[PDB]
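In structure tokens, one chain follows: the form deposited in one PDB entry.
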């Protein structure tokens, strides 16, 4: 099913899950056992994140076909970093010929432990270039999403420039966007209001990742650019070495965030889920969405 059509039905909120590349073959089988269990939940779409800069490229195509084999709807993450325009086009074709109908067009992170993006010398620079590629080569045969940053990309120089680049990416041909994770709902609603004033009408799905360890915060603030609201931050940093209390804190905070988002009639919620972590399952149970 195309995500644009799932969204168009307005059948209540779409719940989606994003997983991380498995470390070894037993972890891979464990992850697919988890996706098999997940089908009962009837997720809207599932994905596993892309790019060890390129990847794992044949691996990520294979994982999308395996997800489809389970009767789940894969969203293929497709990046431009570390790859020529022609390599990007090749991988794109491999996903679509494999029956992937949903693509998330992204710039992609730089390589591990490197902070500054530098384009491939014969590659794209901006995700909006990949969106335009897909639309010109496939049109409506696929449904295309992009990332959105309610608190702004760390590398942008103001929220208003950031919004203007987001509008350009939507106009290149997005059907929906999924946000970077955030912990303060008011910054998501405020992004939605900037987007509304800018006449952007596409569905924008909030992305949520419950805090599961204190060591995540540095990735969250510095790399993802998400602020941690004061009351939450206080609790976390008084409990860093009680991983039991950090987890329960993160779960509680995510439950309350998602409850408000669902009461605000968001088009769906996209959950960033560590492969082994029970954080997301606990959130869903506490919300009444999954059996205890």
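If you superpose the two forms and keep the largest set of C-alpha atoms that fall within 1.5 Å, you have the rigid core. Numbering follows the first chain given and starts at 1.
Quick note: we don't show the form deposited in another entry, though the next part is all about it.
Novice: Given a rigid core superposition of the two forms, which one of 141, 218, 86, 197 has its CA shift by 2 angstroms or more between the shown form and the other one?
Specialist: After core superposition, the single residue displaced by 2 Å or more is 218.
Novice: Given a core-based superposition, decide whether the C-alpha of residue 260 shifts by 2 Å or more between the shown form and the other one.
Specialist: For residue 260, whose C-alpha is compared between the shown form and the other one after core superposition, the shift is less than 2 Å.
Novice: Taking the rigid core as reference, does residue 35 move its C-alpha 2 Å or further between the shown form and the other one?
Specialist: Superposed on the core, residue 35 moves its C-alpha 2 Å or more between the shown form and the other one.
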